[PDB]
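Asker: Next up is a structure, given as structure tokens.
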Amino acid sequence: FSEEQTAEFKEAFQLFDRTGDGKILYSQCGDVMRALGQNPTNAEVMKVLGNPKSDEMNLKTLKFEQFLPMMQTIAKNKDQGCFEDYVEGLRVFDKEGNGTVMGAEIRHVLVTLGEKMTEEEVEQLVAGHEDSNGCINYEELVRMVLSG
Amino acid sequence: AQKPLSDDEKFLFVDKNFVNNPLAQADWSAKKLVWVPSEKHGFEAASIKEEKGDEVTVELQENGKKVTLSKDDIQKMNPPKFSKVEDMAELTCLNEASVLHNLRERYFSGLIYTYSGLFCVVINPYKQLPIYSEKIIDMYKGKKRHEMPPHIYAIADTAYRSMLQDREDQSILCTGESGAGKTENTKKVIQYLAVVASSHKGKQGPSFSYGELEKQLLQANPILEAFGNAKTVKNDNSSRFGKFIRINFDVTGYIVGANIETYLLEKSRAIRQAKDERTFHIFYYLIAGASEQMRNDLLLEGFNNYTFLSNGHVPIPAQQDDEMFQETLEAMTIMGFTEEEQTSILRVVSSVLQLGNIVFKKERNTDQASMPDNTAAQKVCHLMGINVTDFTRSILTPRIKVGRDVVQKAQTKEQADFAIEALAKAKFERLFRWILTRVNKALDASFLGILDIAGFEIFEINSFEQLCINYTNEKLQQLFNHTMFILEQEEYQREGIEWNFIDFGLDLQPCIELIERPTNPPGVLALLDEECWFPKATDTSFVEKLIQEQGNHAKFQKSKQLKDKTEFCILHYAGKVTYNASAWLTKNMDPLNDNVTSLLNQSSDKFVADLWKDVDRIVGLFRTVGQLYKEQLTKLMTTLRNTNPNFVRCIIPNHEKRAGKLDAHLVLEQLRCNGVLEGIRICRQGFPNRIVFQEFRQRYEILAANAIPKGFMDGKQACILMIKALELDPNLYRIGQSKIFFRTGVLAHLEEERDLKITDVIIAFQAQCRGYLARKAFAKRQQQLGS
Ligand SMILES: Nc1ncnc2c1ncn2[C@@H]1O[C@H](COP(=O)(O)OP(=O)(O)O)[C@@H](O)[C@H]1O
Ligand code: ALF
Ligand SMILES: [Mg+2]
């Protein structure tokens with residue numbers, strides 16, 4: 001990570017403390033990595049956190065110098081999703097080859113499989129992509145979260 | 001080898017973490033173990049000693065006793081591996097015995113809800129089990145059919161999704177004899193859907209802040225429960241009127257509206273209550289919860305100062321009317337009834353009670369009882385916003401106008417009351433129907449239907465009410481019979497699958513004609529309708545004619561030579577009943593002094609004004625009650641047939657209102673007249689799951705990516721390929737014309753797999769979402785900073 005960005009990374013990390021010690025609760029790590037344009041899965045984050053425990057995940061803290069070493073470790077990975085397959089999976093919920101899925105079925109799956117999201121999480125996501133018939137076009141929603 | 005269960009979870013969860021004891025696994029050698037009669041256990045354990053043709057000798061694996069019974073009075077026992085099962089449709093042996101057994105165990109273990117194929121049984125606990133709470137709500141939220149144990153919150157979610165899945169409205173119909181819990185189970189279904197499907201303003205047991213409307217949707221039922229429910233020899237808080245609640249959802253799957261279709265309100269009892277019974281809760285609530293001030297404001301003398309309260313003031317166990325008031329008062333507000341908008345609905349109550357004090361003592365001089373006392377009606381007429389003198393005359397001397405004549409006449413002491421009585425009595429109903437539209441005014445593409453009809457009830461005096469009530473009950477049951485055996489097999493034919501019919505012998509059409517059918521062989525209701533419009537006719541006259549038509553009806557039977565009372569019997573599904581045809585023509589006509597009627601129609605008191613504002617149908621000389629009802633009840637029976645039914649067969653454990661007490665045979669019969677067993681045979685016998693050729697090659701293609709060639713292909717054949725691709729056993733499925741008919745569970749497993757085949761991807765995608773969903777909401781707090 002060129003100092004150019006590393007220099008800015010700090011600007012982002014710093015831009016993450018409600019009080020002021022200059023520490024990111026073991027929890028925040030995830031969002032801070034994300035904010036830095038990272039899409040680490042929920043596991044990829046714990047793995048580099050020593051797999052703590054809920055309780056201590058709200059007590060433990062972080063300092064950029066000890067955080068940076070993780071930002072990268074993640075940064076360099078083996079895979080990533082992509083329209084190609086990403087949508088290929090949602091298209092399996094397309095009731096009748098319409099090319100669209102019901103914002104309720106999409107809202108389900110997303111909160112009942114794998115890294116289960118929250119009712120609100122999905123709400124905030126699909127919200128505004130459902131049509132008159134509450135129909136979402138994955139192809140697009142895919143790109144949205146993606147290219148976005 | 002599973003997790004441990006909290007003392008509570010042991011009330012909805014089966015205790016399986018034990019040792020693999022071979023005691024039972026060894027005792028199996030007594031293979032001769034069977035089930036057999038018991039005048040105290042319905043059935044009991046015992047083992048064959050000697051098979052002797054049509055008969056066999058056996059010794060009770062209980063009393064060590066040795067008795068021999070017919071080689072057809074014994075019933076196969078199910079293996080120890082089935083103890084306390086979740087879905088009866090599982091035990092490798094279906095019996096009136098096992099099915100009973102299972103229910104017995106789970107029952108005593110603390111679990112009441114049990115599955116039976118599609119529908120599910122639910123033995124009243126009578127105790128305050130702890131299996132309803134925000135905690136438990138979220139447990140079942142989304143949770144599949146098997147990912148959790150049988151519970152009401154489950155039936156609710158199973159439907160509520162099914163609706164949003166195949167886009168096709170649904171109904172949850174609670175059957176079961178009176179008392180079996182038809183109501184409670186409904187309150188839950190709403191309770192659950194009120195949180196699981198509501199929309200939130202963002203954001204432990206009942207601890208949870210619901211939406212704004214779901215708030216009300218919740219406080220409604222506790223209102224109608226006031227003016228509508230009352231203590232009876234079968235239930236301290238009985239629902240005195242059928243009810244069909246309708247909840248409306250948008251496309252996103254959220255609750256948005258709610259209607260309530262009320263039915264047969266037995267407002268009779270508003271004037272005279274039977275032995276050890278009470279009137280409509282609200283009455284007592286008022287006579288007590290009344291504030292000192294407002295106390296007099298409605299002239300609310302204490303208890304036993306009113307004659308409409310038979311058995312004086314009777315108390316209700318575990319319930320305090322004192323507070324009960326506020327609770328409902330509190331409700332009314334939550335609902336929306338203006339501060340005063342209520343005070344009113346209360347005076348109108350006292351009114352409906354004072355009107356009972358009013359007296360009319362015979363007059364051996366003129367023979368037209370009079371008003372020897374003013375105070376009575378004096379008060380009453382005040383609450384009505386009307387006038388004394390007028391009221392009085394009208395009440396005593398009907399300045400009527402028959403046909404082309406102003407037939408001014410004066411009734412007899414009796415008539416003087418039959419009016420003042422059937423006046424208040426109807427002034428009441430005018431209230432219920434009013435509130436109901438006030439409630440329904442706030443609660444108001446898809447709808448969920450919850451049906452709470454009044455349960456088969458059969459006391460001493462089997463009046464008209466009891467007739468239509470036990471009528472509907474017979475009606476509804478037949479619905480289950482149709483949709484369960486009749487209909488299901490027709491479609492097997494239609495699609496033309498390899499299937500032969502099966503006669504479950506379950507029909508009550510007959511017993512309905514005997515009371516439903518009009519022209520042609522008339523029905524009980526029919527006669528009492530026309531025979532109700534002829535002078536030289538009396539309840540008696542009716543009955544006699546009744547014997548005329550029906551007479552030898554396979555479902556009819558004459559009383560115990562008490563035509564003096566003139567009563568008849570009819571063989572319902574829940575059993576025989578001796579109805580007392582007395583006063584039937586009167587009720588069936590619902591007449592009343594229009595003099596005082598209209599008198600109010602323009603009364604000073606607006607509330608009473610709008611209440612009565614519509615008096616154009618009063619009788620002073622149109623449609624009959626029995627057909628007025630029987631007409632709307634066909635409206636209901638119509639939409640139900642247009643929705644998807646979800647049956648929750650409530651079951652009464654005992655009549656002693658005892659908790660922990662469970663009468664074997666009483667529960668054995670219920671499982672008999674309800675069609676449980678049969679209701680399960682087809683679930684095992686037939687193929688209760690079907691799916692059309694397109695949606696099938698659609699959902700589960702991901703399972704066989706190379707079964708169907710790159711080119712196109714006929715939906716059917718093209719999907720039959722992928723059936724070979726899963727090497728599915730030719731007994732699980734049944735290919736039809738346009739759709740495939742699968743066996744229970746076969747589709748579930750297919751779904752599981754697919755959900756596995758895509759988990760990772762979901763996991764993958766889910767991530768980027770948290771990513772996206774994140775970088776954005778952070779770069780937001782940045783604006784309020786840069787603000
Ligand atoms: N699951 C339950 N939990 C608690 N009490 C229940 C339950 N099921 C029924 N009851 C009890 O049974 C009584 C009556 O059941 P109810 O719903 O009124 O029957 P129905 O509508 O068929 O007349 C209640 O007053 C209550 O004490
Ligand atoms: F109150 Al019921 F059957 F619902 F008697
Ligand atoms: Mg009820």
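All residue names refer to the structure tokens as shown: chains lettered A, B, ... in order, residues numbered from 1 in each chain, ligands numbered from 1 in order.
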Write out as an MDAnalysis selection string each polymer residue (protein, DNA or RNA) that has an atom no more than 8 Å from ligand 2, with only C-alpha atoms and all ligand atoms counted.

Answerer: chainID B and resid 176:183 229 234:235 237:242 452:457

Asker: If we count only C-alpha atoms, which residues of chain B reach to within 7 Å of chain A? Please list them as a list in words.

Answerer: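 Selected residues: residues 251, 252, 253, 695, 699, 758, 759, 760, 761, 762, 763, 764, 765, 766, 767, 768, 769, 771, 772, 773, 774 and 775 of chain B.
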
Asker: May I have the selected residues written with C-alpha atoms, as a short mmCIF file (atom, residue, chain, number, x, y, z; two decimals), in the first residue's frame?

Answerer:
```cif
data_model
loop_
_atom_site.label_atom_id
_atom_site.label_comp_id
_atom_site.auth_asym_id
_atom_site.auth_seq_id
_atom_site.Cartn_x
_atom_site.Cartn_y
_atom_site.Cartn_z
CA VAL B 251 -46.88 -6.50 -2.51
CA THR B 252 -43.79 -6.11 -0.30
CA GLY B 253 -45.51 -8.39 2.20
CA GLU B 695 -41.72 -24.27 -12.13
CA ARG B 699 -36.43 -24.31 -9.37
CA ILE B 758 -26.34 -21.80 -3.69
CA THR B 759 -25.39 -20.98 -0.08
CA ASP B 760 -21.80 -20.02 -0.75
CA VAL B 761 -22.80 -17.72 -3.60
CA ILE B 762 -25.35 -16.13 -1.30
CA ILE B 763 -22.59 -15.91 1.28
CA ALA B 764 -20.38 -14.35 -1.37
CA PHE B 765 -22.99 -11.88 -2.51
CA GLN B 766 -24.18 -11.09 1.04
CA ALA B 767 -20.64 -9.79 1.65
CA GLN B 768 -20.45 -7.27 -1.17
CA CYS B 769 -23.83 -6.07 0.11
CA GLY B 771 -19.63 -3.76 1.74
CA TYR B 772 -21.75 -1.57 -0.53
CA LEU B 773 -24.37 -1.07 2.22
CA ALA B 774 -21.44 0.09 4.33
CA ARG B 775 -19.14 2.40 2.36
#
```

Asker: With a distance cut-off of 12 Å and only C-alpha atoms, select the neighbouring residues of segment 434-436 of chain B, excluding the residue or stretch itself and same-chain residues fewer than 6 positions from it, and output the selection as a PyMOL selection string.

Answerer: chain B and resi 220-228+243+245+258-263+265+332+335-337+341-342+344-346+348+427-428+442-444+607-608+610-614

Asker: Using only C-alpha atoms, which protein or nucleic acid residues come within 6 Å of segment 31-42 of chain B? Drop anything in the same chain fewer than 4 positions from it, and give the result as a CSV table (one decimal) with C-alpha atoms, in the first residue's frame.

Answerer:
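The result, written out as result18.csv:
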```csv
chain,number,residue,atom,x,y,z
B,46,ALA,CA,-50.9,-55.9,26.4
B,47,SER,CA,-49.3,-58.9,24.7
B,48,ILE,CA,-50.7,-61.7,22.7
B,74,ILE,CA,-56.5,-55.6,19.1
B,75,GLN,CA,-54.4,-52.8,17.5
B,76,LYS,CA,-50.8,-52.8,16.4
B,77,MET,CA,-48.4,-50.9,18.6
B,664,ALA,CA,-59.4,-40.7,26.9
B,665,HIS,CA,-62.7,-41.4,25.2
```

Asker: Hey, what's within 12 Å of segment 575-578 of chain B if we count only C-alpha atoms and toss same-chain stuff fewer than 6 positions away? As a PyMOL selection string, please?

Answerer: chain B and resi 177+456-464+466-467+470-471+473-474+508+511+555-563+565-569+669-670+672-674

Asker: Using only C-alpha atoms, which residues sit within 12 Å of residue 69 of chain A once same-chain residues fewer than 3 positions away are excluded, as a PDB file with N, CA and C atoms, in the first residue's frame?

Answerer:
```pdb
ATOM      1  N   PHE A   1       0.845  -1.226   0.000  1.00  0.00           N
ATOM      2  CA  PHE A   1       0.000   0.000   0.000  1.00  0.00           C
ATOM      3  C   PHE A   1       0.865   1.255   0.000  1.00  0.00           C
ATOM      4  N   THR A   6      -1.717   4.794   2.139  1.00  0.00           N
ATOM      5  CA  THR A   6      -1.495   4.518   3.552  1.00  0.00           C
ATOM      6  C   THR A   6      -1.698   5.803   4.344  1.00  0.00           C
ATOM      7  N   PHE A   9      -5.371   6.222   4.383  1.00  0.00           N
ATOM      8  CA  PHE A   9      -5.989   5.168   5.180  1.00  0.00           C
ATOM      9  C   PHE A   9      -6.208   5.720   6.580  1.00  0.00           C
ATOM     10  N   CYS A  29     -13.667  -2.869  12.775  1.00  0.00           N
ATOM     11  CA  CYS A  29     -12.695  -3.305  11.779  1.00  0.00           C
ATOM     12  C   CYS A  29     -13.379  -3.555  10.440  1.00  0.00           C
ATOM     13  N   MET A  33     -12.727  -1.505   6.916  1.00  0.00           N
ATOM     14  CA  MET A  33     -12.087  -2.185   5.798  1.00  0.00           C
ATOM     15  C   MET A  33     -12.969  -1.929   4.587  1.00  0.00           C
ATOM     16  N   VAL A  48      -8.636 -12.719  10.910  1.00  0.00           N
ATOM     17  CA  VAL A  48      -7.570 -11.763  11.192  1.00  0.00           C
ATOM     18  C   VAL A  48      -7.896 -10.956  12.440  1.00  0.00           C
ATOM     19  N   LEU A  49      -8.670 -11.561  13.333  1.00  0.00           N
ATOM     20  CA  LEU A  49      -9.055 -10.922  14.582  1.00  0.00           C
ATOM     21  C   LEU A  49      -8.836 -11.929  15.699  1.00  0.00           C
ATOM     22  N   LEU A  62      -8.467  -1.128  18.581  1.00  0.00           N
ATOM     23  CA  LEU A  62      -7.440  -1.176  17.549  1.00  0.00           C
ATOM     24  C   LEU A  62      -6.786   0.172  17.259  1.00  0.00           C
ATOM     25  N   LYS A  63      -5.515   0.123  16.875  1.00  0.00           N
ATOM     26  CA  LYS A  63      -4.747   1.313  16.533  1.00  0.00           C
ATOM     27  C   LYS A  63      -4.276   1.110  15.096  1.00  0.00           C
ATOM     28  N   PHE A  64      -4.342   2.158  14.280  1.00  0.00           N
ATOM     29  CA  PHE A  64      -3.945   2.046  12.879  1.00  0.00           C
ATOM     30  C   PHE A  64      -2.741   1.146  12.625  1.00  0.00           C
ATOM     31  N   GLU A  65      -1.644   1.386  13.336  1.00  0.00           N
ATOM     32  CA  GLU A  65      -0.440   0.588  13.141  1.00  0.00           C
ATOM     33  C   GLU A  65      -0.687  -0.913  13.236  1.00  0.00           C
ATOM     34  N   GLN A  66      -1.583  -1.323  14.128  1.00  0.00           N
ATOM     35  CA  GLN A  66      -1.893  -2.741  14.272  1.00  0.00           C
ATOM     36  C   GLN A  66      -3.026  -3.117  13.324  1.00  0.00           C
ATOM     37  N   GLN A  72      -4.146  -4.904   4.614  1.00  0.00           N
ATOM     38  CA  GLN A  72      -3.461  -5.539   3.496  1.00  0.00           C
ATOM     39  C   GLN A  72      -3.745  -7.035   3.445  1.00  0.00           C
ATOM     40  N   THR A  73      -3.367  -7.752   4.503  1.00  0.00           N
ATOM     41  CA  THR A  73      -3.582  -9.197   4.566  1.00  0.00           C
ATOM     42  C   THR A  73      -4.888  -9.545   3.868  1.00  0.00           C
ATOM     43  N   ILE A  74      -5.920  -8.749   4.126  1.00  0.00           N
ATOM     44  CA  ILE A  74      -7.205  -8.963   3.481  1.00  0.00           C
ATOM     45  C   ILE A  74      -7.008  -8.554   2.028  1.00  0.00           C
ATOM     46  N   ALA A  75      -6.781  -7.261   1.813  1.00  0.00           N
ATOM     47  CA  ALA A  75      -6.564  -6.692   0.483  1.00  0.00           C
ATOM     48  C   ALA A  75      -6.112  -7.709  -0.565  1.00  0.00           C
ATOM     49  N   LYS A  76      -5.151  -8.554  -0.204  1.00  0.00           N
ATOM     50  CA  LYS A  76      -4.643  -9.574  -1.119  1.00  0.00           C
ATOM     51  C   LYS A  76      -5.345 -10.908  -0.862  1.00  0.00           C
TER      52      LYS A  76
END
```

Asker: Would you mind telling me which residue in B:418, B:285, B:504, B:306 lies nearest to residue 486 of chain B when using only C-alpha atoms?

Answerer: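 Among B:418, B:285, B:504, B:306, it is B:504 that comes nearest to residue 486 of chain B.
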
Asker: Would you please work out which residue, of B:648, B:683, B:300, B:497, is nearest to residue 153 of chain B when using only C-alpha atoms?

Answerer: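 Residue with the minimum atom-to-atom distance to residue 153 of chain B: B:648.
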
Asker: So which one's closest to ligand 3, B:66, B:3, B:187, B:49? Using only C-alpha atoms and all ligand atoms, please.

Answerer: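 Counting only C-alpha atoms and all ligand atoms, the residue closest to ligand 3 is B:187.
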
Asker: What lies within 9 Å of segment 50-56 of chain A using only C-alpha atoms, ignoring chain neighbours under 4 positions off, as an MDAnalysis selection string?

Answerer: chainID A and resid 26:27 43 45:46 60

Asker: Got time to write the residues from that selection, C-alpha atoms, as a PDB file, in the first residue's frame?

Answerer:
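Ended up saving to result24.pdb:
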```
ATOM      1  CA  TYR A  26     -12.675  -4.984  17.308  1.00  0.00           C
ATOM      2  CA  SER A  27     -16.152  -4.716  15.800  1.00  0.00           C
ATOM      3  CA  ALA A  43     -15.053 -14.874   8.202  1.00  0.00           C
ATOM      4  CA  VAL A  45     -12.523 -10.503   9.168  1.00  0.00           C
ATOM      5  CA  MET A  46     -12.645 -12.757  12.230  1.00  0.00           C
ATOM      6  CA  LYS A  60     -11.165  -4.858  22.457  1.00  0.00           C
TER       7      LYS A  60
END
```

Asker: So that I can check the secondary structure, give me every residue of chain A assigned strand (DSSP E or B) by backbone DSSP, as a list in words.

Answerer: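 Put together, the selection reads residues 101, 102, 135 and 136 of chain A.
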
Asker: Just the selected residues (N, CA, C and O atoms), exported as a PDB file, in the first residue's frame, please.

Answerer:
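Saved to again01.pdb:
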```pdb
ATOM      1  N   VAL A 101     -37.160 -10.949  -9.751  1.00  0.00           N
ATOM      2  CA  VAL A 101     -37.584 -11.726  -8.596  1.00  0.00           C
ATOM      3  C   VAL A 101     -38.350 -10.819  -7.656  1.00  0.00           C
ATOM      4  O   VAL A 101     -38.084  -9.611  -7.589  1.00  0.00           O
ATOM      5  N   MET A 102     -39.288 -11.403  -6.915  1.00  0.00           N
ATOM      6  CA  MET A 102     -40.093 -10.634  -5.966  1.00  0.00           C
ATOM      7  C   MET A 102     -39.261 -10.113  -4.801  1.00  0.00           C
ATOM      8  O   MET A 102     -38.590 -10.875  -4.108  1.00  0.00           O
ATOM      9  N   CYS A 135     -41.412  -5.809  -7.898  1.00  0.00           N
ATOM     10  CA  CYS A 135     -40.461  -6.649  -8.605  1.00  0.00           C
ATOM     11  C   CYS A 135     -39.133  -5.976  -8.867  1.00  0.00           C
ATOM     12  O   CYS A 135     -39.059  -4.874  -9.407  1.00  0.00           O
ATOM     13  N   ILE A 136     -38.086  -6.683  -8.471  1.00  0.00           N
ATOM     14  CA  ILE A 136     -36.721  -6.232  -8.596  1.00  0.00           C
ATOM     15  C   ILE A 136     -36.061  -6.959  -9.753  1.00  0.00           C
ATOM     16  O   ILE A 136     -36.389  -8.125  -9.999  1.00  0.00           O
TER      17      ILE A 136
END
```

Asker: If DSSP is run on the backbone, what residues of segment 727-782 of chain B are helix (DSSP H, G or I)? A reply as a ChimeraX atom specification would be ideal.

Answerer: /B:746-757,759-782

Asker: Between atom CA of residue 57 of chain A and atom CA of residue 19 of chain A, what is the spacing in Å?

Answerer: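 Answer for the atom CA of residue 19 of chain A to atom CA of residue 57 of chain A separation: 17.3 Å.
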
Asker: Pick the closest to residue 381 of chain B from B:548, B:354, B:782, B:602: which is it, counting only C-alpha atoms?

Answerer: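 Closest to residue 381 of chain B, using only C-alpha atoms: B:354.
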
Asker: May I ask for the distance between atom CA of residue 686 of chain B and atom CA of residue 743 of chain B, given in Å to one decimal place?

Answerer: 7.2 Å

Asker: By how many Å are atom CA of residue 407 of chain B and atom CA of residue 531 of chain B apart?

Answerer: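 It comes out at 24.8 Å.
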